[PDB]
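What follows is a single chain, given as structure tokens, in the form solved without this ligand.
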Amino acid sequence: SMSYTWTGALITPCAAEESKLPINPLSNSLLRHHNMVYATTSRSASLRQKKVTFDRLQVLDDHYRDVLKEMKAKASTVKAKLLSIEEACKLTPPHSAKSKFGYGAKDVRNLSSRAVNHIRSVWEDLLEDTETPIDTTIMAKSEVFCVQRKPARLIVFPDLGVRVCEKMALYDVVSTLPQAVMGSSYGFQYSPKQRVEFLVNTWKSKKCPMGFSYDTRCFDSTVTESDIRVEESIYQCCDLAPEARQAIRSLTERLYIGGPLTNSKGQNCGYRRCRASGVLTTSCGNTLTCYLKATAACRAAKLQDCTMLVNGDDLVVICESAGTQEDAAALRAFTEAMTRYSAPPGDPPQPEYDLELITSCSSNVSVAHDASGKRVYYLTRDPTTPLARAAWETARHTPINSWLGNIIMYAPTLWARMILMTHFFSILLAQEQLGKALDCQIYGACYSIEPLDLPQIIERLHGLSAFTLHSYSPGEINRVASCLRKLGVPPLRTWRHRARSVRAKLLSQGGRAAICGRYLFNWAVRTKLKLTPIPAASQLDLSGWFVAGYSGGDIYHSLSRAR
């Protein structure tokens, strides 16, 4: 069937749309080539509609059915809990899209009678009605990139009331089931250092390793009605409260398999018969679907000792080499099996015989050295998008601060330390906002974090070595330097000068700022201060940080205040 059908009504914005990086003194201090930085808008939505609209041909076989039964037997061990209305309201982000039913995210979080009554009515409607398609809003996503222009991504989501109900029925399932089914292959259970460790250990565990990333073109559009029902069949293996079982059955048929599309103006926009990007099960379902197809495809291809690492549609495979000609043919057989499963490739996959040449979750393993000169593996990425987005966020107040999430997730990198930390600490110190909590995203879930708490967060996610790395690989240094020239970012010597300046001001303030000066900026001085384990690090409650993926699932993971 067709992934989408369209009526001709346009994908519309609900406010004015900015596409150009503003000319601002603070953002200009970071990046001078402002014309290279753009934000996607609804103006390019029709180009995306063309790309994501196609017919799906899916043919399942014995390997697919065998893997499914193996996944279902593991899913059978799960006991999932129904969330109370209050527990589900607390998982809602403070700036989540308001309901069209007279209330917003703040009313949900405060447990307002109007919010609570509506949610209860939405819940009882899911229990009673197993068929009526649930309305969704289709919007063009506003995302920042560097030129060489990508058309806007399309986001599809139901009303706030429905989103709270999804949490009640499925939050516990989507948080616990993926690891029970996929074990060590489920990427979202790993902190950055655990992911690098898993990748390095799997690579080294093979006699002669061969690895590859597999890029599925428009993954969400390739997801069929059968895939979505297969996904529910795995959910159905859980021990469930009867209402959770009914809500999952009703959500599958009324929302997950497809439904009508409405624009911001309230016009009938079209019909969806594929994955919605903005529902609770997108990350979980995409991971299960990708793992299922890839595991079955590996058996059909005759790839030897396949270890998958899956995060939604992002897939990496590390196996035992059978020889170069054999590996090349087995990879072509893997692609042919994935294509039959309705997962054709975007960029054709290529076998890799070096771990550092593989990009997975837009990241590659690199090596640096700690204070002792000992080799440390860490994950890095091309810094182009992080720097373009950090520049956008310096010029405009955004609900999500990708710069903060990038400092957290990429703390050991030369670019997060020298540029990102330097730039934002300079600005926040000058604005007396170092201790002001900001929202950022980790594996799609939102968190409220004070930049002054960064040293202890970093120590837990990466180890103390994140504050001591030096002698970065020449390939890594060159990619960073070339990106800076391309974007018109000041050279690293300027960043070292700015870091020495902010470090001195941070030390002068004492308290948490002096801790930031000591740990975050020790790289900027010859006279190194002593770096010991931070007392706050061991006390940090990082439960829920590296459990599951929640991209598009409208999940807020910071603590709720009492009432």
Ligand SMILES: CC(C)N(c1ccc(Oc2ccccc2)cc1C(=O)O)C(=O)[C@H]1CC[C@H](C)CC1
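Numbers for residues come from their place in the sequence shown, where the first is 1.
Not on display, but discussed next: the form deposited with this ligand bound.
- Looking at this ligand in the deposited bound form, residues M210, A322 and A330 place no heavy atom within 4.5 Å of it.
- With a 4.5 Å cutoff on heavy atoms, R417 counts as touching this ligand in the deposited bound form.
- For the chain shown alone, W523 is a contact residue for this ligand in the deposited bound form, at least one non-hydrogen atom being within 4.5 angstroms.
- Using a 4.5 Å cutoff between non-hydrogen atoms, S184 does not count as a contact of this ligand in the deposited bound form.
- Although the partner is absent here, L111 is not a contact residue: none of its heavy atoms lies within 4.5 angstroms of this ligand in the deposited bound form.
- Checking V480, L438, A301, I234 for any heavy atom within 4.5 Å of this ligand in the deposited bound form turns up a single hit: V480.
- Proximity to this ligand in the deposited bound form, defined as a heavy atom within 4.5 Å, holds among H470, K79, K374, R149 only for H470.
- Across the options 481 to 489, 69 to 77, 113 to 121, 263 to 271, residues that bring heavy atoms within 4.5 Å of this ligand in the deposited bound form belong to 481 to 489.
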